[PDB]
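Chemist: For reference, this is protein-v5.pdb, and it has PDB, N, CA, C and O atoms and all ligand atoms.
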ATOM      1  N   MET E 187      15.441-102.567 -53.064
ATOM      2  CA  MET E 187      14.013-102.269 -52.839
ATOM      3  C   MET E 187      13.817-100.775 -52.604
ATOM      4  O   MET E 187      14.608-100.157 -51.891
ATOM      5  N   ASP E 188      12.747-100.223 -53.200
ATOM      6  CA  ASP E 188      12.356 -98.813 -53.113
ATOM      7  C   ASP E 188      13.473 -97.851 -53.570
ATOM      8  O   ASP E 188      14.420 -98.261 -54.245
ATOM      9  N   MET E 189      13.340 -96.562 -53.222
ATOM     10  CA  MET E 189      14.291 -95.502 -53.549
ATOM     11  C   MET E 189      14.600 -94.686 -52.276
ATOM     12  O   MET E 189      14.214 -93.519 -52.191
ATOM     13  N   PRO E 190      15.261 -95.292 -51.263
ATOM     14  CA  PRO E 190      15.615 -94.621 -50.014
ATOM     15  C   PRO E 190      16.719 -93.569 -50.215
ATOM     16  O   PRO E 190      17.368 -93.515 -51.260
ATOM     17  N   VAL E 191      16.934 -92.747 -49.180
ATOM     18  CA  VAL E 191      17.903 -91.659 -49.138
ATOM     19  C   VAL E 191      18.527 -91.651 -47.728
ATOM     20  O   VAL E 191      18.152 -92.429 -46.848
ATOM     21  N   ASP E 192      19.496 -90.757 -47.534
ATOM     22  CA  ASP E 192      20.242 -90.524 -46.300
ATOM     23  C   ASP E 192      19.330 -90.237 -45.090
ATOM     24  O   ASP E 192      18.217 -89.739 -45.269
ATOM     25  N   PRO E 193      19.817 -90.452 -43.849
ATOM     26  CA  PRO E 193      19.142 -90.021 -42.621
ATOM     27  C   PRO E 193      19.184 -88.489 -42.416
ATOM     28  O   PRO E 193      18.814 -88.005 -41.347
ATOM     29  N   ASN E 194      19.617 -87.734 -43.439
ATOM     30  CA  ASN E 194      19.771 -86.281 -43.451
ATOM     31  C   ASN E 194      18.847 -85.654 -44.512
ATOM     32  O   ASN E 194      19.216 -84.688 -45.180
ATOM     33  N   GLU E 195      17.651 -86.239 -44.678
ATOM     34  CA  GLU E 195      16.695 -85.937 -45.738
ATOM     35  C   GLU E 195      15.301 -85.776 -45.103
ATOM     36  O   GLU E 195      14.648 -86.782 -44.819
ATOM     37  N   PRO E 196      14.855 -84.533 -44.818
ATOM     38  CA  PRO E 196      13.569 -84.262 -44.181
ATOM     39  C   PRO E 196      12.410 -84.365 -45.182
ATOM     40  O   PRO E 196      12.558 -84.041 -46.362
ATOM     41  N   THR E 197      11.236 -84.769 -44.679
ATOM     42  CA  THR E 197      10.061 -85.112 -45.466
ATOM     43  C   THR E 197       8.826 -84.368 -44.944
ATOM     44  O   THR E 197       8.872 -83.694 -43.913
ATOM     45  N   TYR E 198       7.718 -84.514 -45.679
ATOM     46  CA  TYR E 198       6.505 -83.716 -45.496
ATOM     47  C   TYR E 198       5.221 -84.558 -45.476
ATOM     48  O   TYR E 198       4.747 -84.841 -44.382
ATOM     49  N   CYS E 199       4.654 -84.943 -46.639
ATOM     50  CA  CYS E 199       3.419 -85.725 -46.754
ATOM     51  C   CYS E 199       3.479 -87.046 -45.981
ATOM     52  O   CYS E 199       4.552 -87.513 -45.605
ATOM     53  N   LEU E 200       2.306 -87.671 -45.812
ATOM     54  CA  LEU E 200       2.152 -89.030 -45.284
ATOM     55  C   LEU E 200       2.894 -90.084 -46.125
ATOM     56  O   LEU E 200       3.049 -91.225 -45.698
ATOM     57  N   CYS E 201       3.356 -89.675 -47.314
ATOM     58  CA  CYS E 201       4.159 -90.451 -48.242
ATOM     59  C   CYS E 201       5.628 -90.570 -47.812
ATOM     60  O   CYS E 201       6.334 -91.450 -48.302
ATOM     61  N   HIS E 202       6.075 -89.666 -46.929
ATOM     62  CA  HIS E 202       7.447 -89.496 -46.471
ATOM     63  C   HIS E 202       8.403 -89.226 -47.642
ATOM     64  O   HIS E 202       9.318 -90.007 -47.905
ATOM     65  N   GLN E 203       8.167 -88.105 -48.344
ATOM     66  CA  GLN E 203       8.985 -87.610 -49.444
ATOM     67  C   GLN E 203       9.427 -86.153 -49.231
ATOM     68  O   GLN E 203       8.843 -85.427 -48.426
ATOM     69  N   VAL E 204      10.457 -85.741 -49.982
ATOM     70  CA  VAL E 204      11.097 -84.423 -49.916
ATOM     71  C   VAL E 204      10.158 -83.290 -50.383
ATOM     72  O   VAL E 204       9.014 -83.530 -50.772
ATOM     73  N   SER E 205      10.671 -82.050 -50.350
ATOM     74  CA  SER E 205      10.035 -80.817 -50.819
ATOM     75  C   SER E 205       9.440 -80.920 -52.235
ATOM     76  O   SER E 205       9.872 -81.721 -53.064
ATOM     77  N   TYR E 206       8.420 -80.087 -52.478
ATOM     78  CA  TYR E 206       7.524 -80.148 -53.634
ATOM     79  C   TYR E 206       6.853 -78.785 -53.877
ATOM     80  O   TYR E 206       6.971 -77.869 -53.062
ATOM     81  N   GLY E 207       6.157 -78.657 -55.017
ATOM     82  CA  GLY E 207       5.635 -77.386 -55.509
ATOM     83  C   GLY E 207       4.374 -76.919 -54.782
ATOM     84  O   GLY E 207       4.405 -75.871 -54.138
ATOM     85  N   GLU E 208       3.280 -77.693 -54.867
ATOM     86  CA  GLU E 208       1.970 -77.295 -54.366
ATOM     87  C   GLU E 208       1.635 -78.045 -53.077
ATOM     88  O   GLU E 208       1.620 -79.275 -53.046
ATOM     89  N   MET E 209       1.384 -77.282 -52.003
ATOM     90  CA  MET E 209       1.312 -77.822 -50.648
ATOM     91  C   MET E 209       0.251 -77.133 -49.791
ATOM     92  O   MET E 209       0.070 -75.915 -49.859
ATOM     93  N   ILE E 210      -0.362 -77.928 -48.907
ATOM     94  CA  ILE E 210      -1.240 -77.477 -47.827
ATOM     95  C   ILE E 210      -1.008 -78.348 -46.589
ATOM     96  O   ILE E 210      -0.585 -79.493 -46.705
ATOM     97  N   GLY E 211      -1.287 -77.809 -45.401
ATOM     98  CA  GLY E 211      -0.920 -78.418 -44.129
ATOM     99  C   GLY E 211      -2.074 -78.422 -43.138
ATOM    100  O   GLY E 211      -2.889 -77.498 -43.128
ATOM    101  N   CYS E 212      -2.145 -79.489 -42.324
ATOM    102  CA  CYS E 212      -3.271 -79.688 -41.409
ATOM    103  C   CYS E 212      -3.259 -78.628 -40.308
ATOM    104  O   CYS E 212      -2.211 -78.193 -39.832
ATOM    105  N   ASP E 213      -4.474 -78.260 -39.913
ATOM    106  CA  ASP E 213      -4.780 -77.156 -39.012
ATOM    107  C   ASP E 213      -4.916 -77.606 -37.542
ATOM    108  O   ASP E 213      -5.211 -76.776 -36.682
ATOM    109  N   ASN E 214      -4.701 -78.898 -37.228
ATOM    110  CA  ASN E 214      -4.761 -79.388 -35.852
ATOM    111  C   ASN E 214      -3.477 -79.016 -35.092
ATOM    112  O   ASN E 214      -2.395 -79.071 -35.681
ATOM    113  N   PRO E 215      -3.559 -78.750 -33.772
ATOM    114  CA  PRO E 215      -2.394 -78.641 -32.896
ATOM    115  C   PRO E 215      -1.814 -80.029 -32.538
ATOM    116  O   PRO E 215      -0.925 -80.118 -31.691
ATOM    117  N   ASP E 216      -2.314 -81.102 -33.178
ATOM    118  CA  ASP E 216      -2.034 -82.504 -32.869
ATOM    119  C   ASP E 216      -1.568 -83.295 -34.103
ATOM    120  O   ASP E 216      -1.184 -84.456 -33.962
ATOM    121  N   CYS E 217      -1.600 -82.694 -35.305
ATOM    122  CA  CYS E 217      -1.104 -83.305 -36.523
ATOM    123  C   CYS E 217       0.407 -83.521 -36.414
ATOM    124  O   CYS E 217       1.159 -82.614 -36.060
ATOM    125  N   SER E 218       0.817 -84.746 -36.752
ATOM    126  CA  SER E 218       2.184 -85.253 -36.611
ATOM    127  C   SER E 218       2.874 -85.422 -37.978
ATOM    128  O   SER E 218       3.967 -85.980 -38.061
ATOM    129  N   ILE E 219       2.238 -84.909 -39.043
ATOM    130  CA  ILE E 219       2.734 -84.896 -40.419
ATOM    131  C   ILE E 219       2.806 -83.443 -40.931
ATOM    132  O   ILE E 219       3.719 -83.128 -41.690
ATOM    133  N   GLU E 220       1.888 -82.577 -40.453
ATOM    134  CA  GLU E 220       1.723 -81.128 -40.654
ATOM    135  C   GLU E 220       1.701 -80.562 -42.085
ATOM    136  O   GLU E 220       1.223 -79.443 -42.252
ATOM    137  N   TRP E 221       2.136 -81.306 -43.108
ATOM    138  CA  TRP E 221       2.134 -80.911 -44.502
ATOM    139  C   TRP E 221       1.710 -82.075 -45.387
ATOM    140  O   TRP E 221       1.927 -83.238 -45.056
ATOM    141  N   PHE E 222       1.102 -81.732 -46.524
ATOM    142  CA  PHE E 222       0.461 -82.658 -47.444
ATOM    143  C   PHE E 222       0.475 -82.090 -48.859
ATOM    144  O   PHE E 222       0.450 -80.877 -49.066
ATOM    145  N   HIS E 223       0.461 -82.996 -49.839
ATOM    146  CA  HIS E 223       0.253 -82.627 -51.230
ATOM    147  C   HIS E 223      -1.223 -82.330 -51.448
ATOM    148  O   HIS E 223      -2.094 -82.934 -50.819
ATOM    149  N   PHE E 224      -1.484 -81.419 -52.389
ATOM    150  CA  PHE E 224      -2.832 -81.202 -52.913
ATOM    151  C   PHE E 224      -3.428 -82.527 -53.370
ATOM    152  O   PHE E 224      -4.508 -82.898 -52.927
ATOM    153  N   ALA E 225      -2.690 -83.267 -54.194
ATOM    154  CA  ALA E 225      -3.139 -84.524 -54.760
ATOM    155  C   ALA E 225      -3.219 -85.658 -53.726
ATOM    156  O   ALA E 225      -3.865 -86.665 -54.013
ATOM    157  N   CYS E 226      -2.626 -85.508 -52.526
ATOM    158  CA  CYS E 226      -2.782 -86.447 -51.438
ATOM    159  C   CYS E 226      -4.117 -86.265 -50.689
ATOM    160  O   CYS E 226      -4.409 -87.062 -49.799
ATOM    161  N   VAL E 227      -4.939 -85.270 -51.069
ATOM    162  CA  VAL E 227      -6.324 -85.099 -50.624
ATOM    163  C   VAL E 227      -7.307 -84.965 -51.800
ATOM    164  O   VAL E 227      -8.516 -85.085 -51.604
ATOM    165  N   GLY E 228      -6.780 -84.729 -53.007
ATOM    166  CA  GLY E 228      -7.536 -84.566 -54.244
ATOM    167  C   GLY E 228      -7.789 -83.101 -54.621
ATOM    168  O   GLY E 228      -8.725 -82.839 -55.377
ATOM    169  N   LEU E 229      -7.001 -82.150 -54.091
ATOM    170  CA  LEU E 229      -7.121 -80.729 -54.398
ATOM    171  C   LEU E 229      -6.553 -80.403 -55.785
ATOM    172  O   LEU E 229      -5.727 -81.135 -56.333
ATOM    173  N   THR E 230      -6.985 -79.247 -56.304
ATOM    174  CA  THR E 230      -6.585 -78.671 -57.592
ATOM    175  C   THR E 230      -6.218 -77.179 -57.431
ATOM    176  O   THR E 230      -5.639 -76.584 -58.339
ATOM    177  N   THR E 231      -6.516 -76.585 -56.263
ATOM    178  CA  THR E 231      -6.258 -75.190 -55.897
ATOM    179  C   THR E 231      -5.842 -75.125 -54.414
ATOM    180  O   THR E 231      -5.689 -76.163 -53.765
ATOM    181  N   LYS E 232      -5.668 -73.905 -53.878
ATOM    182  CA  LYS E 232      -5.197 -73.675 -52.515
ATOM    183  C   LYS E 232      -6.236 -72.872 -51.715
ATOM    184  O   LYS E 232      -6.270 -71.647 -51.836
ATOM    185  N   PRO E 233      -7.077 -73.529 -50.889
ATOM    186  CA  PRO E 233      -7.942 -72.842 -49.935
ATOM    187  C   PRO E 233      -7.121 -72.241 -48.779
ATOM    188  O   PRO E 233      -5.930 -72.524 -48.630
ATOM    189  N   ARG E 234      -7.779 -71.423 -47.945
ATOM    190  CA  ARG E 234      -7.188 -70.771 -46.785
ATOM    191  C   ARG E 234      -8.216 -70.765 -45.657
ATOM    192  O   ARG E 234      -9.385 -70.435 -45.852
ATOM    193  N   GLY E 235      -7.727 -71.147 -44.481
ATOM    194  CA  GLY E 235      -8.493 -71.353 -43.260
ATOM    195  C   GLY E 235      -8.169 -72.711 -42.637
ATOM    196  O   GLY E 235      -7.172 -73.348 -42.984
ATOM    197  N   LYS E 236      -9.041 -73.155 -41.723
ATOM    198  CA  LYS E 236      -9.033 -74.502 -41.174
ATOM    199  C   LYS E 236      -9.268 -75.509 -42.301
ATOM    200  O   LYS E 236     -10.338 -75.549 -42.909
ATOM    201  N   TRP E 237      -8.246 -76.332 -42.537
ATOM    202  CA  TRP E 237      -8.230 -77.433 -43.479
ATOM    203  C   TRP E 237      -7.643 -78.648 -42.767
ATOM    204  O   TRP E 237      -6.692 -78.524 -41.995
ATOM    205  N   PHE E 238      -8.195 -79.823 -43.076
ATOM    206  CA  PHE E 238      -7.803 -81.092 -42.480
ATOM    207  C   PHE E 238      -7.433 -82.108 -43.560
ATOM    208  O   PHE E 238      -8.081 -82.211 -44.601
ATOM    209  N   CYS E 239      -6.362 -82.858 -43.269
ATOM    210  CA  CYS E 239      -5.783 -83.887 -44.122
ATOM    211  C   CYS E 239      -6.681 -85.143 -44.202
ATOM    212  O   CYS E 239      -7.688 -85.203 -43.491
ATOM    213  N   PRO E 240      -6.377 -86.150 -45.050
ATOM    214  CA  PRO E 240      -7.327 -87.225 -45.318
ATOM    215  C   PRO E 240      -7.535 -88.170 -44.132
ATOM    216  O   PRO E 240      -8.657 -88.628 -43.928
ATOM    217  N   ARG E 241      -6.499 -88.414 -43.315
ATOM    218  CA  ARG E 241      -6.625 -89.189 -42.081
ATOM    219  C   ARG E 241      -7.306 -88.419 -40.939
ATOM    220  O   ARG E 241      -7.526 -88.996 -39.876
ATOM    221  N   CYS E 242      -7.616 -87.130 -41.143
ATOM    222  CA  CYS E 242      -8.096 -86.224 -40.119
ATOM    223  C   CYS E 242      -9.547 -85.774 -40.333
ATOM    224  O   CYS E 242     -10.156 -85.296 -39.376
ATOM    225  N   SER E 243     -10.104 -85.921 -41.546
ATOM    226  CA  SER E 243     -11.497 -85.566 -41.826
ATOM    227  C   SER E 243     -12.106 -86.370 -42.978
ATOM    228  O   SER E 243     -13.292 -86.696 -42.916
ATOM    229  N   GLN E 244     -11.314 -86.703 -44.009
ATOM    230  CA  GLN E 244     -11.793 -87.474 -45.161
ATOM    231  C   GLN E 244     -12.039 -88.955 -44.809
ATOM    232  O   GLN E 244     -12.713 -89.653 -45.566
ATOM    233  N   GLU E 245     -11.529 -89.430 -43.659
ATOM    234  CA  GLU E 245     -11.727 -90.794 -43.165
ATOM    235  C   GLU E 245     -13.207 -91.075 -42.835
ATOM    236  O   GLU E 245     -13.642 -92.224 -42.909
ATOM    237  N   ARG E 246     -13.992 -90.026 -42.528
ATOM    238  CA  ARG E 246     -15.421 -90.089 -42.216
ATOM    239  C   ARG E 246     -16.275 -90.185 -43.501
ATOM    240  O   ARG E 246     -17.183 -89.384 -43.724
ATOM    241  N   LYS E 247     -15.956 -91.163 -44.361
ATOM    242  CA  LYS E 247     -16.606 -91.413 -45.650
ATOM    243  C   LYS E 247     -16.762 -92.933 -45.872
ATOM    244  O   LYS E 247     -16.613 -93.427 -46.988
ATOM    245  N   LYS E 248     -17.059 -93.669 -44.785
ATOM    246  CA  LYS E 248     -17.220 -95.125 -44.737
ATOM    247  C   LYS E 248     -16.026 -95.858 -45.376
ATOM    248  O   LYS E 248     -16.177 -96.544 -46.388
ATOM    249  N   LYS E 249     -14.845 -95.687 -44.758
ATOM    250  CA  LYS E 249     -13.562 -96.273 -45.152
ATOM    251  C   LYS E 249     -13.163 -95.836 -46.572
ATOM    252  O   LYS E 249     -13.396 -96.607 -47.529
TER     253      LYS E 249
HETATM  254 ZN    ZN J 301       3.166 -86.242 -51.046
HETATM  255 ZN    ZN J 302      -2.812 -83.857 -40.774
END
Could you spell out this file's structure in structure tokens?
Modeler:
Amino acid sequence: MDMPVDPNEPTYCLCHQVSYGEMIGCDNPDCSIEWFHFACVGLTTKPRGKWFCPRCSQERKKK
């Protein structure tokens, strides 16, 4: 089942997968995932400033 790896394999997105090309990270001092894919929020470019992940701001769109 699935495609697991060693306990020596660090991850990033809410997907729990390895390093990747295009990335942005949540701006909260309380985010417990801290990094995300562009496509895990629906981005196509890289903004700069306070940005929030989908469980942190996009959830306020009636489920
Ligand atoms: Zn991802
Ligand atoms: Zn976050």
Chemist: Could you spell out the hits of the PyMOL selection byres (((chain E and resi 198-207) around 5) and not hetatm) on the shown file, as a list in words?
Modeler: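 With the shown file as input, the PyMOL selection byres (((chain E and resi 198-207) around 5) and not hetatm) matches residues 196, 197, 208, 209, 219, 221 and 222 of chain E.
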Chemist: Would you translate the PyMOL selection byres (((not hetatm) and name CA) within 12 of (chain J and resi 302)) into the concrete set of residues it matches in this file, as a PyMOL selection string?
Modeler: chain E and resi 198-200+210-223+226-227+236-245
Chemist: Do you have the CA of residue 249 in chain E-atom N of residue 224 in chain E distance handy?
Modeler: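 These two atoms are separated by 20.5 Å.
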Chemist: If you run DSSP on this backbone, which residues of range 195-246 of chain E come out as helix (DSSP H, G or I), and could you give them as a ChimeraX atom specification?
Modeler: /E:240-244
Chemist: Mind giving me the axis-aligned box for range 204-214 of chain E with 4 Å on every side, centre plus edges in Å to one decimal, as JSON?
Modeler:
{"center_x": 2.9, "center_y": -80.8, "center_z": -45.3, "size_x": 24.3, "size_y": 17.9, "size_z": 28.4}
Chemist: As an exercise, work out the distance from atom ZN of ligand ZN 301 (chain J) to CA of residue 228 in chain E in Å and give it to one decimal place.
Modeler: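 Rounded to one decimal, the two atoms are 11.3 Å apart.
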Chemist: Quick one: distance from atom C of residue 231 in chain E to atom ZN of ligand ZN 301 (chain J) in Å, one decimal?
Modeler: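 According to the coordinates, atom C of residue 231 in chain E and atom ZN of ligand ZN 301 (chain J) are separated by 14.7 Å.
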Chemist: With only N, CA, C and O atoms and all ligand atoms as the atoms that count, which of E:189, E:235, E:194, E:225 lies nearest to ligand ZN 301 (chain J)?
Modeler: E:225
Chemist: Please give the complete set of residues from chain E that DSSP, run on the backbone, assigns to strand (DSSP E), formatted as a count of residues only.
Modeler: 4
